[PDB]
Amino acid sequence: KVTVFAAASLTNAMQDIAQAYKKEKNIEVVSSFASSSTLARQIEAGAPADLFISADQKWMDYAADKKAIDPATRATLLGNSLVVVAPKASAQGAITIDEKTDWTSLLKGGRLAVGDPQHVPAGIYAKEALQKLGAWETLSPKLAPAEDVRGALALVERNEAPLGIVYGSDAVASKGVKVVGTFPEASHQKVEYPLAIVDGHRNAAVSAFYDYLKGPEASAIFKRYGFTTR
């Protein structure tokens, strides 16, 4: 038995990974899914997780500061691209995203759907990219902010906003939107999922699955759910 605390966005990928691992090695991978905030606080308080996958470096930093992970095992496991999506029925085809992108033409008179950049992580990263590309002056008054990424997708899914900014895994999970662009990684803080072994849990079975998470079979599952691997 190996116990993994994983950010909830990883639920389906980790469930598939657990299936592959149990069939090939005959070890049960038991996962607990919640927000990175919830999981880090449980681990800090002494929860018996073996592995922790956070959806950001901030909550892994937290766990490390409290001496709850083994820092020698900490490593970025996954990334997520920042993508521009369009309604499936839109005339919009894929385009090149850079400093020259004519956002006003692409908006066709409407608004850009984003997570509220005051608190939604995808909206924070969207605003960073647009500001660094020099497009924020244009797009700031033309936003359609939502309370979360789901609400931002819903605008684009329902063809109610012509464009939206989400993560690559968000785009893959949403059948009703299509990717029309990818932000340069240099344009914003990298979206990263670090993996680490929990303090006191670095044994053979835990290390074995720890290593498997970086191997080909797991990388293929992560890739098809829209994450980037390392």
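Residue numbers run from 1 along the displayed sequence.
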- [ ] Could you check the entry and say whether 98-106 or 123-131 has the higher mean CA B-factor?
- [x] 98-106
Task: Greater mean Cα temperature factor according to the PDB record, 212-220 or 19-27 - done: 19-27
Task: Largest Cα B-factor, entry values, listed residues 82, 85, 113, 149 - done: 149
Task: Which of 195, 63, 166, 180 ranks first by CA B-factor in the deposited coordinates - done: 63
TODO: Compare the C-alpha B factor of residue 76 with those of the other modelled residues in its chain, then answer lowest, middle or highest third.
DONE: highest
Task: Third of the chain's Cα B-factor distribution that residue 7 belongs to, per the entry - done: middle
Open item on the list: Ranking the modelled residues of this chain by C-alpha B-factor as given in the entry, is residue 90 in the lowest, middle or highest third?
Closed with: lowest
- [ ] Please place residue 50 in the lowest, middle or highest third of its chain by C-alpha B factor as given in the entry.
- [x] lowest
- [ ] Name the third of the chain's ranked CA B-factors that contains residue 38, choosing lowest, middle or highest.
- [x] lowest
